[PDB]
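*Asks:* Here it is, the structure, as structure tokens.
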Amino acid sequence: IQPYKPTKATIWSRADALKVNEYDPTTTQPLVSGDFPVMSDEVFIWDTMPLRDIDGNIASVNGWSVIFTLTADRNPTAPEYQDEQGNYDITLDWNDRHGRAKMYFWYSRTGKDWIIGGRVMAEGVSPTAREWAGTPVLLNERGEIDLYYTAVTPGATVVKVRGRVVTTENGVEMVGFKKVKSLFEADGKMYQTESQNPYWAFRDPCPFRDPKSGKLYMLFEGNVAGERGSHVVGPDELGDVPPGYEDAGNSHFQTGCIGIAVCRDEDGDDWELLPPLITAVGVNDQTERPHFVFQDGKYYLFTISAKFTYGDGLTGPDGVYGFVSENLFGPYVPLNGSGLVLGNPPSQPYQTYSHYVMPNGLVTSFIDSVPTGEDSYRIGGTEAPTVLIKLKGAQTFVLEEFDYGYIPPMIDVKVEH
């Protein structure tokens, strides 16, 4: 017997979070310009999911780059959105996007200047009217895709739907996305359920093939199981806080975690829930859109979090947080000491969200709210400038800003059927 250290959740502690520096130029997103272009006058987009293979390679098909987006109609003539003076209030329309979210696709031979493709699934295919985020996985040279996504209301279920991409020299179509399959939902012993917490998270599936074992796993956002308000911020959740920083307040209401599941097969059909990789009890309620970069034989685990969902007595920016391990199952340590990788600038704290770090170091995000004066601001619902980061040991560094929605491919796949 070679005894191995047992698998245990890595704790993101309050002491770790106290290191978060909102004013670090190496971990701040470049300022978004108030004059940003808008992709569509018909729909809002936000969460953006590039087509990729199971190993994480961003993929074009016959030279066409493809992205999937969470999408919502713009409703400029809706009476509900007319203000006191009978003028359209975009903020109300934008805030209602989540309740009417649908999966669209877009394509481009340049990895930018996206051409809208429309709905992935015909209306009525999804068992829930709300389609929330996940991952489009290109399977083979027949152009078959497994779209892993979150079916929301009733409940929140990780699901997948098989279809295929068809290309011509004029553009791209998504066909045959007809049969949504239930994979798993929160169990209540490892991941918190709606019964335990009306505000529970269970979403953002990120399937991947482990580069070391070759087994299929899948990350998702969850909360630590237990009735809302029952969790305890104990010595491990507090961590090594300095004198005067012992008070956890009511931070036991913040219970975010990064979950992982394992597949019994190579087709991603039958999944088993595992205990979480990372827990943030007392630190942050929302460890969103968990995803990996594999580099230098290490596991870089990224998650998107918000200022608003920090534990009592803690703060930090909206943006990218992350951890690094030698091993898939840890132990993980916080990148840059605190976990902060790419924070919004405090002068434009809501400029972007739902970032995605790709294996080439390029980080895509969508524009939310950009200030244009003392009280005035613009709504995006469009792609932000891509920004290159470098991963180096347990450090990250912002390097270079690229064009709006620049998502170049890492591989091209030759498709016919």
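Ordered as shown in the structure tokens, chains take letters A, B, and onward, while each chain numbers its residues from 1 and ligands are numbered from 1 in the order shown.
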Apply DSSP to the structure's backbone, then extract all residues of range 41-184 of chain A labelled strand (DSSP E) and return them as a ChimeraX atom specification.

*Replies:* /A:43-50,59-61,64-73,102-108,115-119,130-138,144-152,156-167,172-175,180-184

*Asks:* What lies within 10 Å of residue 25 in chain A using only C-alpha atoms, ignoring chain neighbours under 6 positions off, as a list in words?

*Replies:*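 The contact residues come out as residues 342, 343, 345, 397 and 398 of chain A.
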
*Asks:* To one decimal place, how far is CA of residue 68 in chain A from CA of residue 380 in chain A in Å?

*Replies:*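 Taking CA of residue 68 in chain A as the start and CA of residue 380 in chain A as the end point, the length is 17.3 Å.
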
*Asks:* Which residues are close to residue 39 in chain A, i.e. within 10 Å by only C-alpha atoms, leaving aside same-chain residues fewer than 4 positions away? Reply as a VMD selection string.

*Replies:* chain A and resid 43 to 45 113 to 116 380 to 383 404 to 405

*Asks:* I need the chosen residues saved as a compact mmCIF listing (two decimals), in the first residue's frame, with N, CA, C and O atoms.

*Replies:*
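The resulting file, result.txt, is reproduced below:
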# COMPACT_ATOMS: atom_id res chain seq x y z
N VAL A 43 -31.93 41.21 -29.60
CA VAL A 43 -31.77 40.37 -28.38
C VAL A 43 -30.64 40.92 -27.51
O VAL A 43 -29.68 41.53 -28.05
N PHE A 44 -30.75 40.68 -26.21
CA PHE A 44 -29.65 40.76 -25.23
C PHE A 44 -28.94 39.42 -25.22
O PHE A 44 -29.62 38.38 -25.27
N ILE A 45 -27.61 39.42 -25.12
CA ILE A 45 -26.87 38.18 -24.76
C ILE A 45 -26.12 38.45 -23.47
O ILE A 45 -25.86 39.63 -23.16
N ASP A 113 -17.07 39.66 -34.60
CA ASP A 113 -18.06 40.19 -35.56
C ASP A 113 -19.10 39.09 -35.81
O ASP A 113 -19.39 38.74 -36.98
N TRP A 114 -19.65 38.57 -34.72
CA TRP A 114 -20.50 37.35 -34.71
C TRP A 114 -21.76 37.58 -35.55
O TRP A 114 -22.36 38.67 -35.48
N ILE A 115 -22.12 36.56 -36.32
CA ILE A 115 -23.39 36.50 -37.09
C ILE A 115 -24.37 35.68 -36.25
O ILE A 115 -24.02 34.56 -35.86
N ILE A 116 -25.56 36.22 -35.99
CA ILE A 116 -26.59 35.55 -35.15
C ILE A 116 -27.15 34.35 -35.92
O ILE A 116 -27.45 34.49 -37.13
N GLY A 380 -25.15 46.83 -21.44
CA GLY A 380 -24.51 46.09 -22.54
C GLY A 380 -25.43 45.03 -23.13
O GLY A 380 -26.11 45.31 -24.15
N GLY A 381 -25.43 43.83 -22.55
CA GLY A 381 -26.06 42.66 -23.19
C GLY A 381 -25.36 42.32 -24.49
O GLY A 381 -26.03 41.92 -25.46
N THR A 382 -24.04 42.51 -24.52
CA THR A 382 -23.18 42.34 -25.70
C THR A 382 -21.80 41.91 -25.20
O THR A 382 -21.55 42.08 -23.99
N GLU A 383 -20.93 41.43 -26.07
CA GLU A 383 -19.60 40.92 -25.65
C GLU A 383 -18.67 42.07 -25.24
O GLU A 383 -18.69 43.14 -25.88
N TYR A 404 -13.70 43.30 -28.90
CA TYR A 404 -15.02 42.86 -28.38
C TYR A 404 -15.32 41.44 -28.86
O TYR A 404 -15.32 41.20 -30.08
N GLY A 405 -15.58 40.53 -27.93
CA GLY A 405 -16.04 39.16 -28.21
C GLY A 405 -15.06 38.36 -29.04
O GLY A 405 -15.49 37.44 -29.75

*Asks:* Quick one: residues within 12 Å of residue 411 in chain A, only C-alpha atoms, excluding same-chain residues fewer than 6 positions away - as a ChimeraX atom specification?

*Replies:* /A:51-53,55-65,138,359-360

*Asks:* Work out how far apart CA of residue 403 in chain A and CA of residue 302 in chain A are and give it in Å to one decimal.

*Replies:* 22.3 Å

*Asks:* With distances taken over only C-alpha atoms, which residue among A:379, A:278, A:283, A:172 lies nearest residue 46 in chain A?

*Replies:*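 Closest to residue 46 in chain A, using only C-alpha atoms: A:379.
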
*Asks:* Go through range 329-348 of chain A and flag each residue having an atom no more than 12 Å from range 5-15 of chain A; for those, report the closest pair of atoms plus their distance in Å to one decimal, using only C-alpha atoms, ordered by chain and rising number, as a Markdown table.

*Replies:*
| residue | atom | partner | partner_atom | distance |
| --- | --- | --- | --- | --- |
| A:329 | CA | A:7 | CA | 5.9 |
| A:330 | CA | A:10 | CA | 6.9 |
| A:331 | CA | A:10 | CA | 6.0 |
| A:332 | CA | A:10 | CA | 5.9 |
| A:333 | CA | A:10 | CA | 7.8 |
| A:334 | CA | A:12 | CA | 7.4 |
| A:335 | CA | A:12 | CA | 11.0 |
| A:337 | CA | A:15 | CA | 10.2 |
| A:338 | CA | A:15 | CA | 8.5 |
| A:339 | CA | A:12 | CA | 8.2 |
| A:340 | CA | A:12 | CA | 11.4 |

*Asks:* Selection from above, N, CA, C and O atoms, as an mmCIF file, in the first residue's frame, can you write it?

*Replies:*
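See result-v2.cif below for the written result:
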data_model
loop_
_atom_site.group_PDB
_atom_site.id
_atom_site.type_symbol
_atom_site.label_atom_id
_atom_site.label_comp_id
_atom_site.auth_asym_id
_atom_site.auth_seq_id
_atom_site.Cartn_x
_atom_site.Cartn_y
_atom_site.Cartn_z
ATOM 1 N N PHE A 329 -8.337 16.372 -7.479
ATOM 2 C CA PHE A 329 -9.110 16.369 -6.211
ATOM 3 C C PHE A 329 -8.367 17.122 -5.104
ATOM 4 O O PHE A 329 -8.725 16.932 -3.950
ATOM 5 N N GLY A 330 -7.419 17.997 -5.461
ATOM 6 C CA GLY A 330 -6.782 18.928 -4.517
ATOM 7 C C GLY A 330 -5.539 18.329 -3.869
ATOM 8 O O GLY A 330 -5.058 17.265 -4.280
ATOM 9 N N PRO A 331 -4.960 18.998 -2.848
ATOM 10 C CA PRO A 331 -5.514 20.234 -2.295
ATOM 11 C C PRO A 331 -5.296 21.447 -3.214
ATOM 12 O O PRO A 331 -4.271 21.519 -3.889
ATOM 13 N N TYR A 332 -6.268 22.360 -3.252
ATOM 14 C CA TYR A 332 -6.183 23.621 -4.027
ATOM 15 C C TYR A 332 -5.684 24.731 -3.108
ATOM 16 O O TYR A 332 -5.939 24.676 -1.883
ATOM 17 N N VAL A 333 -4.967 25.702 -3.676
ATOM 18 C CA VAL A 333 -4.598 26.948 -2.950
ATOM 19 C C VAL A 333 -5.111 28.132 -3.758
ATOM 20 O O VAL A 333 -5.256 28.036 -4.975
ATOM 21 N N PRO A 334 -5.454 29.259 -3.103
ATOM 22 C CA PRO A 334 -5.982 30.426 -3.810
ATOM 23 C C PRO A 334 -4.928 31.102 -4.697
ATOM 24 O O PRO A 334 -3.821 31.338 -4.254
ATOM 25 N N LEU A 335 -5.285 31.383 -5.949
ATOM 26 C CA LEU A 335 -4.377 32.109 -6.859
ATOM 27 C C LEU A 335 -4.137 33.508 -6.296
ATOM 28 O O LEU A 335 -5.083 34.149 -5.804
ATOM 29 N N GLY A 337 -2.785 34.331 -3.675
ATOM 30 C CA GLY A 337 -2.900 34.361 -2.207
ATOM 31 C C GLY A 337 -4.340 34.528 -1.745
ATOM 32 O O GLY A 337 -4.703 33.892 -0.746
ATOM 33 N N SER A 338 -5.137 35.358 -2.427
ATOM 34 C CA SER A 338 -6.530 35.700 -2.028
ATOM 35 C C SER A 338 -7.559 34.850 -2.773
ATOM 36 O O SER A 338 -8.679 34.687 -2.249
ATOM 37 N N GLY A 339 -7.223 34.404 -3.980
ATOM 38 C CA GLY A 339 -8.162 33.820 -4.951
ATOM 39 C C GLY A 339 -8.530 34.764 -6.074
ATOM 40 O O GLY A 339 -9.012 34.264 -7.112
ATOM 41 N N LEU A 340 -8.323 36.075 -5.935
ATOM 42 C CA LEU A 340 -8.738 37.013 -7.016
ATOM 43 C C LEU A 340 -7.795 36.895 -8.217
ATOM 44 O O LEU A 340 -6.582 37.125 -8.063
#

*Asks:* Considering only C-alpha atoms, can you say which of A:392, A:156, A:274, A:127 comes closest to residue 217 in chain A?

*Replies:*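 For residue 217 in chain A, the nearest of the given residues is A:274.
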
*Asks:* If we count only C-alpha atoms and set the cut-off at 9 Å, which residues sit around residue 126 in chain A, ignoring sequence neighbours fewer than 6 positions away in its own chain? Please answer as an NGL selection string.

*Replies:* :A and (151 or 178-180)

*Asks:* Could you check the closest approach to residue 38 in chain A for each of A:120, A:103, A:389, A:384 and tell me which residue wins, using only C-alpha atoms?

*Replies:*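 So, comparing all the options, the nearest one is A:384.
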
*Asks:* Show which residues sit within 10 Å of residue 143 in chain A, as number ranges by chain. Count only C-alpha atoms, and ignore same-chain residues fewer than 2 positions away.

*Replies:* A: 61-62, 138-141, 145, 163-167, 174, 413-417

*Asks:* Counting only C-alpha atoms, which residues of range 263-331 of chain A sit at most 10 Å from some atom of range 181-198 of chain A, and what is each one's closest atom pair with its distance in Å to one decimal, listed by chain and rising residue number, as JSON lines?

*Replies:*
{"residue": "A:268", "atom": "CA", "partner": "A:183", "partner_atom": "CA", "distance": 9.1}
{"residue": "A:269", "atom": "CA", "partner": "A:183", "partner_atom": "CA", "distance": 7.3}
{"residue": "A:270", "atom": "CA", "partner": "A:183", "partner_atom": "CA", "distance": 6.9}
{"residue": "A:271", "atom": "CA", "partner": "A:183", "partner_atom": "CA", "distance": 6.4}
{"residue": "A:272", "atom": "CA", "partner": "A:184", "partner_atom": "CA", "distance": 8.1}
{"residue": "A:273", "atom": "CA", "partner": "A:184", "partner_atom": "CA", "distance": 7.9}
{"residue": "A:274", "atom": "CA", "partner": "A:190", "partner_atom": "CA", "distance": 7.8}
{"residue": "A:275", "atom": "CA", "partner": "A:190", "partner_atom": "CA", "distance": 5.8}
{"residue": "A:276", "atom": "CA", "partner": "A:190", "partner_atom": "CA", "distance": 7.4}
